[PDB]
Every structure is written in C-alpha cells, then in structure tokens.
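In: Build me a model:
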Amino acid sequence: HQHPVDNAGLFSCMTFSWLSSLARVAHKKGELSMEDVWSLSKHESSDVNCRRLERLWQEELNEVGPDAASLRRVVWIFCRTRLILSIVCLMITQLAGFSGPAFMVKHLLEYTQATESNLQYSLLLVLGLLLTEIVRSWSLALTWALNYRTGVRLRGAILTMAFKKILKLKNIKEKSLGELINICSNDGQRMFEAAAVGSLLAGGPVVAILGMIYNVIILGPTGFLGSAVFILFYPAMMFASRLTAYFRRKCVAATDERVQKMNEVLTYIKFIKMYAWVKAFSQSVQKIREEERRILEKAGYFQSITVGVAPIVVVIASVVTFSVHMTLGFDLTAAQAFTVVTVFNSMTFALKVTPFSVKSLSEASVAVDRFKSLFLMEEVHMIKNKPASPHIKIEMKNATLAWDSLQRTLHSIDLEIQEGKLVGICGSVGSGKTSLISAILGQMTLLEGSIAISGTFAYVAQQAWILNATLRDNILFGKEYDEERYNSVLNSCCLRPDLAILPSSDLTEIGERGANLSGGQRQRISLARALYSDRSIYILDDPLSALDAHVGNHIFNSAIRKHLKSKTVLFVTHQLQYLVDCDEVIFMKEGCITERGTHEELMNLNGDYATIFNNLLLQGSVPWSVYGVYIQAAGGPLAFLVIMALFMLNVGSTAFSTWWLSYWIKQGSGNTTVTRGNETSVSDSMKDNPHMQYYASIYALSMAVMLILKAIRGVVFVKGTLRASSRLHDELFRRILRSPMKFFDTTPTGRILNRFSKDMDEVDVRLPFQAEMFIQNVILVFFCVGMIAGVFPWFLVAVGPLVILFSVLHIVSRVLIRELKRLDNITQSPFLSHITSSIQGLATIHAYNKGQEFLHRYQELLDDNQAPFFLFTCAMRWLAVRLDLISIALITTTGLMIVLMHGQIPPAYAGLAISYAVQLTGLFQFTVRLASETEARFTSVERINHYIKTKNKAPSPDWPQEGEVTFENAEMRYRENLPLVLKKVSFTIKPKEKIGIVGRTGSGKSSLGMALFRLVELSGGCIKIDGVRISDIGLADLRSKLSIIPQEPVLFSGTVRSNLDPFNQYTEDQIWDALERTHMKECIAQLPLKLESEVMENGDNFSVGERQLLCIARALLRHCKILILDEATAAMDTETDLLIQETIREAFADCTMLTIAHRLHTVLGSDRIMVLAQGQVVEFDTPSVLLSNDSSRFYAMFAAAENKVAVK
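Out: Numbering: from 1, shown residues only. Find the structure here:
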C-alpha cells in the first residue's frame, strides 16, 4: 500500500520502527534528496477532508441558522472518534506510572527490614518493577502517534477550505494583513498545535489527587501538609511569569525606538562628515542604550527566578512534613519516609506539561473565532440570461444599479450594440463610466431592469497585474504554444525591440527582478495577452494612458482595426483622438444618456461634445573560536570559575539536605536502656533518643541556606551575561563603523541595518535562557550518578556500555533530524509566493474564468509541503523511545543490586539509593534537545566578530583674509579600478571673486566639490589655500571652515534648536539675527514653543521653501569665508528662487562664492565662468568676453538655451 504507515502492524506502530531504513540510508549516503523522501499516504489528501468539512458545515447551517452557528461544535464532531482513544491510552499510562512507587518500592524496603532468606519474593518484585516501566513507556508512544496523525488531517482540511472561500469575494476591502496570513498561511499551524500538544490536559490533576489521598492514608493528619505546600506554591510562579511578560513588552517598545533612530542616521554619512557632526549621534544612541539595558536587567531577574521549580518544592514539603510529624511524639521508619519521598518525586511530572496545553487552547480559540468571522460574507452571482435576438450581444433596458458602499451612480441606462461593431465611450472625471464597467461584469448589485449577456470577456485594467513566471507562459496565460500566432502577436504590438534588451532571451521572469520595466511595456504585454487569448468581446479601459502618439498609432492600426475587425470592442478613454474611426460614440455625463449616434451625427448635433472637442483642440559547524571569543568578552576565566562554583554549591546543598534526612534515622536510640514495662530492655525507637532538637534545628538551617544560595546564583548569572552581551557588540562595533571610507559604497545598506536589529535580539534574549537550562540539567545528572554509585561501589560497571550506546545513537539521530528539517525549510517558499501573487489582483483572475487552475496549484503545493513535516515529527519520537529504554535498564540494575546484598547494609542507605535512582527518568531527551537548541544560537556572534575583524604641522590660524584658491594638476580616481576623472586640472581663483560652473553631466562637475573637502585622496599634484598645502592640515581643522549647501535639504528628528546648533556654541541673539535676515523670524515666533517646537522626520511639518530657508540660515550661522553652492533650484518655484538670490547677494557678498548649477542666469552675473568637458578645463574668461566669442562652447550653449524660447 505504497506508504509504509498503512502496512505496519501494532508492534511496529507502537515503537516507530518503520522509519529505521531512512536512518540507515542517511548514514550510508550523507544527505537526502526530495526524490526518495516519501509520498503522501492518502487519507490525508485535501479533497476528501474538504468535502467532509463542507458537508458538516452545510448541515449545521441548515439545522440551526446563521445567527447561532458555532465552529467549535463542528470541529469537535470532526475530531470526535480519535480523541476518545487518545484519552483512554493517556489514562492507562498515568495509572500504570504510579503503581510502581506506591506498591513495588514499599514491599522491597519492608523485605529489606525483615530477618529471613528468600529469593523468590525479591525476584518477583524485580520483575514487577521492570514490567510496569515497560508498560508506561509504550503507552505514551501510542498516544503521541494517534495525536500527530489527527492534527495533520485537520490542518490540511481547514486551510484548503479557507483559501477556497476567498476567490468568490465581491466586497474586497480588508488589506493584505488578514487575508494573506491569518486565513491561508501559518495561521493553520495553531490549529495543528491545538490537537498535537493541546489535549493532554487531564494528566496532572488525576495523579496529584491520587498521591494526596495515598499520603494521607500512609501517615494521616501530620501527612496533610504536602497539599498545602503545593497549593500555596504554584500561583506564585504564575504571577512571576505575568510580571516578566509585562517588562518584556516595555523593553520591546524602547528597542524599537532605538533601531528607528539607527536607521534614520545610517545613510547621510556625507552630510555628517562634511561638518564633523559625529558627536551628537553617539550621545543619543548611548542614552537610549542605557535605558534599554536597565529594563532588560529587571526583566532578567524576574525571568530567572523560575527555572528551579521541582527539587526545591520536594525538599520544602519533605522538611515541613517530617519536622512537624516528629516534634509531637510519634514513630517513623525507613519504609514510610522513603515511600513518601518517592511519591513526592512523581507528582511533578504532568505539572511540567499542563501550562503549554492551556496556552495552546487559548490561541486555538482565538483563531477559530477569526475563521468563523470570515466564513460569512457575500458570494458571487454571475448573469446567465441570453439575449432575445441572436444578433444582440449586450442588452440594456431601464436598468438601475447601486454600488454597495448602497450608492447609486447609474440611473436608467439604455444601450444596444451588435457583433463586429466598435463602440467608444467618452466622459469627464467622475462621470460614471467606471460604474458601467463594474456593472457589465456583474459585480454591481442589481436593483431594476433586465440584463442579457452572451460571449467571453477579455479585460485589460489600467494597471498591469504582472505574474511571477517566465515571459512565454505569462503571455500564454495557460494556452498551447504556437509559432505564427506568437510572431504575429509580437509584430502587431511591436515587441521585437524589447526582446533584444532582455539579457538572455524571452525566458526570464517579471517578478522582483533587478531592472524592472516601464509602464508602456507593461501595457504592451497586457494587450498582447488580451489579443492572444482570442475571446469574443473585449473590454478596454484606457490601455494607452501613458504612451507616445506614434506607438499608439501603430498599435491601433496593427491590432484594433485589423485583428478585431469582426470582434466586438468596447473602448473607454478620455482622449478624443481615436474616436474618429469608431462607428459609434456614446457620451456619458451626470449618470444619464446625452448623445447617441455616429461621429458625423455628433458633429451635426453640435452639443456639449463639440464644445469639449473645441476646448481640447484649443553551515552550522561553529568552531571553538566562537566560544573562546564569548568567554573572553565576558571578562575572562574568573567569571567562568565563579559561576561554575555557585552552580555546584547550590546542587550540593540540596544533596546534603537529603543525606542528613537519611543519617538521622539510622541512629536508632543510642545504646539507651529504658525500664518500660516490667523488665529493662534496650529500645529501638527513634523517639527515645534524648537528643532530638539538634536534628530539627539542623533541618531548618539547611532549608534557609539552600534558599539563600539559589537567590545569589540567579542574580550573579543574570548580571554577568548582560554585561558580556552589552559590551562586545555595541562598544566595539559602533566605534569602528564610524571611521571607514568608501566601504559604504560597495556594500548594501540593508545588510548593515540588519545585524543591528536581529542579532541584538538573538544575543540579548535567548542565549542566557538556553545556556542556564542546559548547564543545570548536566550538573544534576552528574550528581545523581555520583550519589547512587557512592553507596554501592560495584555500580560503576553497567555505566560503560550504556555510555558507548548513547555515543553511538546520538550521531545518527542528529544527522537524520538535520536532513529532514532542511527539506521542509527549502520547500516552504513557493507556497507563500503563489499565495501572494494570487491575492494581489483578484479582478483579472475572476475576469475570464480562472479559479480551478489556481485551486489545483494550491492543493498540489500544499501536499508537497505537508509530507516532510510528518516525517520529522516521527523521527523525534523514535529517538525519545530509545533513550527511555536505556533509563529503564539502569533502574532495573540498581534494584537488583539492592536485592542481592541483604543483611550487610542498613535500610536507610538502601532507601536513599532507591530514592535517587527513580529521579533519572526523562532527563536525557531534555539534555540532548537543549544542547542542540543552544548550539543553534551561537551563529550571530560569529557574524558580528567577523564584521568587527574585517603628523604635527599646526600653523597659526591665518586661513581667512587672503583666501586664494590655486590648483596645480590635481588628479583623482573614485576607485583604483576606474579611469581618472580629472586630467591635469590647474586654475587660480582671486579672493572675493564669484565663479560659476557650467558643463554637461558626467564631465567632472562634482569631482571638484568632492576633492575640495579631501574626502577622497588625490593621485597627483597639490592644492594650496592661502599659500598653505591642504595635505599638511588636519582633516578636522580644514573642514571646520568651508561650507556647502546640498542640492536636497534634509532635517533630523528633534527640536529646531538641535537642528540649528547641536554644539551650543552660539547664543540666542545671533540665532534671531540670522533668522530675521532670511525673513523667517515671524514663522518661528508664531510657534507656541518657538525654537523648542518639535520637528518630525524629513521635516514634514514645513513646506519645501521653509526647509531651504532653514538651510541657508544654518549656512549663515557658521560665517564661512569660502562657500560652495550646488544646485539649489531643482524643483523650486521662481519666487523662492529670486528670494534666495536676493538673500545670497545681500548676505554672501563678502566672501568667495562658487556656483555649480544647470541655470545659466544664475552664473551670468559672476565675474568669470568656467567650462569643463571630459575632465579638462576648456574656457576661463569673463561672461562678456565669452559671449563675444562665437567659437566658445558657453556661447553656443547660451544660444541653444535662448533658442528654446525665441523660436517657440
């Protein structure tokens, strides 16, 4: 039966032994492939379960009605038959995992206390213990198998129904926030988890109740205190979890703000370095980091108070019960005490899994509510009426429709067209053509009139849908491939030029791409698809919205007039050009019919259409270096030693408390003789000993000591790990990524913004948690083995082969698990891609007929994703069962060891060995899983560490005054692999002289500005300012003088005062004087807080002119002797332009002025004009002389610019 699951018997299904061959193949080969994973096993396909659920829901709706219908009843009825069997198996395992400690151990200890010699009794008891262990383990395996299969079935069915519903929506208004995910995406994983890890809820209370009753039976009124301890304990941990969640949410808000600021200042680095403004941003980031650190610290304390639930509770309950029981006058023995302790050690198993069940159930309930909210919407309704006459295609007779908002836009619409007729519709903006287009497709609701439609539609929207596939099939849209049709379509739409542009051929994709395409080409492929589809009636809505006249004419005369001569065409557009050739024109205005007839008749009528026409014509290897780096960053070996010492001290304290309990009992009476009864005798009772308060005092002291040590350990570990994480990344990374050069160009800025947002989370939140859990588990295992082997020295024989077996099995398990995970991870993505591409643009999908193709593709991709999930879960259960077998063997060995030696060991030590052997169950799986999880988190540190690893000449400040600018053959190159931009450039500028820069783009205009600031080192020559070489002056000293106004005005978040002067080097009087000169003082004065008013990002509070005026203000604040102006007139109005020229000439008239712009009039008034071409200086003369020379290129450019106005 194909899949092996359907052929296995009961024994193979109970042990998961049908998966064994895959492990052997994975070991032999090295990696797996999708060719031999498996297929799907039937009984889990989408169609069968979808039909079943649909039938159930329809029956429910018919039975009750759409007011009180519930999805919970339907889901329960769907999953009713198997949950009962799962519950029965769980009850059997919980009942059989308690009969061991309560009945088997007590009889064994009581036998040890007796004075006989038998082997049959002890052998029978050993047999009983082993059999109970086996039964418990195998029952648990069966429960898990059943639950996994049921969950997979339910998830598939619900997801397929959810995506089936969406394709028939006629009120699409919710954004792609619910539809894309919460209905057909990972939202079904919650419904899977509710049946996989949900349920299992009646597992804790039952065993807890049974244990409480048994304890009261054994001891009684003094045995009635363990219940009190447990009840008073657990709600405290609930409260601690709530507080941790609250603090975590607040920290999330703060770090979101920090990363927002980091993104804001990551790409302005030229602006920052041009003024040497690196001080402020460091301060701001440091403050935000401090606040985040404090909140994280508090959350860490409250989260770490929790991880020690079980042994602490056991010790507390035992101490209280036994102390109160003894300090009243009573009797105790080894059997009772150690039976009670062993029972206390088995109550705390299902209380390790109840909370996950509760939270999973809550999430599932919310998801079901959302699904039921979706399932009630308006369906589709397609018109099936046929025209009375065969010559009629569309029919309209006094039909009125209202758009559902119900808003009327159409009123008494009547028209009639026939096959082979071209009809054009004209109207203004908002006339109501779109309402008619929406009504003819049947989307609009019907209120009055009759509708008749025959034919097939071909719809071209004003926007291209663009489908994630190859060009050939995208044009094909699921049609048979041909040759003459294909080339006729290409020639008709003149797509051949575009084919040569494509790198490879017409086989690439039109998805995200790297070059995208133009709107006109998208329109061209849209009409290509439409006219290749070969439908009956064509609906064309303004396909030529943004095209040139020529291509419109060729497209028209090639396709519309020839191909669709006999095909009905409906044309809706605003332009009145092609309407000459149309055989019918209908004018729509104010939702009523105005004109009807041919074009010539329309001109004959001479109505509003004539007026409008006239107006228009007018891998994960992770070597040890990572661990070494983390340890070195944490502080050194001393921190490691301190933390390990504290862990060992805590666990040793717990072990000492239990040992003292064992040591008190052995000292029976103390060779004390009493005269009770009628004759003297030596008592054997523990109460008779005169010294009893000693031992109770030492008990209380032990409890207090253990509590104090646990608190100290938690605090110290949290603080140390937080310091280790906070130093490395931020301190040694932000200080380095603020002084590279050119590194910012040949590297995307979207992958340096990352590693500041995700890696910080991975290093701050999860690593300490996982490390703490792992270390605690390992140390506990070591202590348990040592404590057992201390009493019986021969126990260190059955530990060797078990270690060898564990080492053999672990590697195979790890390889199989990794390989199975990778396949699911790789195969996830096309599912999501198809879902997104289908959700975007439902109109065209519903336009022709296509629903079945998309549904089939969805189902196929669903199954291909589903299979490896099931395989992965089965592998995990396989490993768990093997480890359980090892533990059972160890327990049986120690029990037999106790039995075989009798009469030479006191009963108390035998009880202690038994009490410590039971604790070993269910630890190895936890240890292995936690080791893998904490290994997977040590990858971020590697990337961060990799990215981290990869004079004098101070003269007097006489720079001002005679500020001469001289160039002597300056050469520079942007990169070492590119041609030199500047080639022997030399010029001298006199002080207080105005110079303009003109030339074509790419000829080296920006090179002068880049090299004047020494941002890129020159390759030859030298530049001297005021007789001082710029190479001998420090970068900080040189940049503090010159100023440049950028072509685009940018502003940062904060107050106006910070945006004007962050260094607080100026008082208010100069700021007001500067603001008054640019006539913006009144605007700031009108602000309620003036200079304290808050400024949003990008300066959205102000208009463009205000931003530019603020830029000139901050330029005027510095009072520089040398100024560079760079294209201040990009898209700014003429009034503001004359304003800025007036302000510049009134303010910058006492300093050297250099201008680089595309407007000749800006540099017309300059003393001299510079012309550059191909990196060489061409012309250097006054404007009067340059204009007088015809051969000058500047004069030719001026004539060409002037001809654009005089001629036109």
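
In: going forward, measure contacts between C-alpha atoms and count neighbours the same way
Out: Will do.

In: With residue 584 as the reference, measure out to the closest residue to residue 580 other than its chain neighbours.
Out: Of all residues not flanking residue 580 in the chain, residue 599 sits nearest, at 6.7 Å (Cα to Cα, 6 or more residues apart in numbering). Residue 599 sits 7 Å away from residue 584, going by Cα to Cα, to the nearest Å.

In: can you check residue 297 too?
Out: 77 Å.

In: quick revisit: which residues touch the residue nearest to residue 580?
Out: Shown in contact with residue 599 (Cα atoms under 8 Å, 6 or more residues apart in numbering): 579-580, 582-585.

In: now these: which count as buried?
Out: 579, 582, 584-585 (16 or more other Cα atoms under 10 Å).

In: of all those, which two lie farthest apart?
Out: Spanning the widest gap among these are 579 and 584, at 8.5 Å by Cα to Cα.

In: Now for those two: what residues contact both?
Out: Common neighbours of residue 579 and residue 584 (criterion: Cα under 8 Å, 6+ apart): 424, 599.

In: roughly how far out does stretch 452-461 sit from the chain middle?
Out: Relative to its parent chain, stretch 452-461 has a centroid offset of 42 Å by Cα atoms, centre = their mean, to the nearest Å.

In: Spatially central residue in the chain, please.
Out: With distances taken as Cα atoms, centre = their mean, the residue of the chain nearest its centroid is residue 758 (9.4 Å).

In: all strands of the stretch 1101-1208 of the chain, in order?
Out: 1122-1126, 1152-1156, 1168-1173, 1176-1181 (DSSP state E, counting those that start in this stretch).

In: Nearest to residue 1100, out of those?
Out: Checking the strands of the stretch 1101-1208 of the chain against residue 1100 by Cα to Cα gives strand 1122-1126 as the closest, at 23.0 Å.

In: And that closest one, what does it pack against?
Out: In terms of contacts (3 or more Cα pairs under 8 Å, 6 or more residues apart in numbering; DSSP states H and E), strand 1122-1126 is packed against strand 1043-1045, strand 1152-1156.

In: Could you pull out the buried residues of stretch 692-703?
Out: Judged by neighbour count (16+ other Cα under 10 Å), stretch 692-703 contains these buried residues: 696, 699, 702-703.

In: Stretch 333-348 too?
Out: Within stretch 333-348, the residues that count as buried by 16+ other Cα under 10 Å are 333-335, 337-348.

In: on that earlier part again, kindly reformat the helices and strands packed on strand 1122-1126 as a markdown table containing distance to residue 281 and mean neighbour count.
Out: Listed next are the helices and strands packed on strand 1122-1126 as a markdown table, based on distance: least, Cα to Cα, whole Å; neighbours: other Cα atoms under 10 Å:
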| stretch | distance to residue 281 | mean neighbour count |
| --- | --- | --- |
| strand 1043-1045 | 20 | 19 |
| strand 1152-1156 | 31 | 21 |
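
In: Helix or strand next in line after the longest helix seen in the chain, which one?
Out: Looking across the chain with DSSP state H, the single longest helix is helix 852-900. The helix or strand immediately downstream of helix 852-900 is helix 907-918, counting by DSSP states H and E.

In: Tell me the helices and strands packed up against that next one.
Out: If contacts are counted by 3+ Cα pairs under 8 Å, 6+ apart, helix 907-918 sits against helix 105-113, helix 334-344, helix 637-666, helix 767-791, helix 852-900.

In: Export these to a markdown table and append columns for distance to residue 408.
Out: A markdown table is the format used below for the helices and strands packed on helix 907-918 (distance: least, Cα to Cα, whole Å):
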| stretch | distance to residue 408 |
| --- | --- |
| helix 105-113 | 84 |
| helix 334-344 | 75 |
| helix 637-666 | 76 |
| helix 767-791 | 61 |
| helix 852-900 | 34 |
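
In: To residue 306, which of those helices lies closest?
Out: For the helices and strands packed on helix 907-918, the distance to residue 306 is smallest for helix 767-791, at 10.9 Å, taking Cα to Cα.

In: starting at the chain centroid, how far to the closest one?
Out: Chain-centre distance of helix 767-791: 35 Å, with Cα atoms, centre = their mean.

In: how about CSV for the helices and strands packed on strand 1122-1126, with distance to residue 661 added?
Out: Output for the helices and strands packed on strand 1122-1126, formatted as CSV (distance: least, Cα to Cα, whole Å):
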stretch, distance to residue 661
strand 1043-1045, 82
strand 1152-1156, 91
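
In: Kindly state which of those is positioned closest to residue 494.
Out: strand 1152-1156 (42.5 Å).

In: quick one: strands adjacent to that closest one?
Out: According to DSSP bridges, strand 1152-1156 forms sheet pairs with strand 994-999 (parallel), strand 1122-1126 (parallel).

In: quick one, which of those strands is nearest to residue 186?
Out: With Cα to Cα as the criterion, residue 186 lies closest to strand 1122-1126 of the strands paired with strand 1152-1156, at 51.9 Å.

In: Contacts for the closest one, please.
Out: Strand 1122-1126 is contacted from outside by 963, 1009, 1041-1047, 1151-1157, using Cα under 8 Å, 6+ apart.

In: ranges for the helices of the stretch 501-650 of the chain?
Out: For the stretch 501-650 of the chain, the helices defined by DSSP state H, counting those that start in this stretch occupy 519-533, 549-555, 599-605, 608-617, 625-634, 637-666.

In: Just give me how far stretch 410-429 sits from the chain centre.
Out: Distance of stretch 410-429 from the chain centroid (Cα atoms, centre = their mean) equals 50 Å.

In: Same question for stretch 401-420.
Out: For stretch 401-420, the distance to the chain centre is 46 Å (Cα atoms, centre = their mean).

In: So which residues of the stretch 1001-1150 of the chain form helices?
Out: For the stretch 1001-1150 of the chain, applying DSSP H, counting those that start in this stretch gives helices covering 1005-1012, 1035-1039, 1056-1060, 1068-1077, 1081-1086, 1104-1118, 1134-1147.

In: now the longest one, how far from the centre of its chain.
Out: The chain centroid and the centroid of helix 1104-1118 are separated by 40 Å, computed with Cα atoms, centre = their mean.

In: list the buried ones in it?
Out: Residues of helix 1104-1118 classed as buried: 1104-1117 (neighbour count, 16+ other Cα under 10 Å).

In: Show me what that helix is packed against.
Out: For helix 1104-1118, the packing partners by 3+ Cα pairs under 8 Å, 6+ apart come out as strand 1043-1045, helix 1068-1077, helix 1134-1147.

In: Please list the residues outside that helix that contact it.
Out: Residues outside helix 1104-1118 that contact it (Cα under 8 Å, 6+ apart): 1043-1045, 1049-1050, 1060, 1070-1071, 1074-1075, 1078, 1080, 1099, 1132, 1136, 1140, 1147.

In: Quick one: buried ones out of those?
Out: Neighbour-count burial (16+ other Cα under 10 Å) is assigned, among the contacts of helix 1104-1118, to 1043-1045, 1049, 1060, 1071, 1074-1075, 1078, 1080, 1099, 1136, 1140.

In: Would you reformat the residues you listed as CSV and include distance to residue 28?
Out: Shown next, in CSV, are the buried ones among the contacts of helix 1104-1118 (distance: Cα to Cα, whole Å):
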residue, distance to residue 28
1043, 70
1044, 68
1045, 69
1049, 65
1060, 70
1071, 79
1074, 80
1075, 79
1078, 80
1080, 79
1099, 64
1136, 78
1140, 78
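
In: Closest one to residue 191 out of those, please.
Out: Nearest to residue 191 out of the buried ones among the contacts of helix 1104-1118 is residue 1099 (Cα to Cα; 46.6 Å).

In: Quickly note the distance from the residue lying closest to the closest one once chain neighbours are set aside to residue 1109.
Out: Spatial nearest neighbour of residue 1099, chain neighbours left out: residue 1051 (5.7 Å); criterion: Cα to Cα, 6+ apart. Per Cα to Cα, residue 1051 is found 12 Å from residue 1109.

In: Which one of the contacts of residue 599 is nearest to residue 1035?
Out: The closest of those, once distances to residue 1035 are taken by Cα to Cα, is residue 579, at 67.9 Å.

In: For that closest one, give me its contacts.
Out: Residue 579 makes contact with 424, 585, 599, according to Cα under 8 Å, 6+ apart.

In: Perfect, I'm done here.
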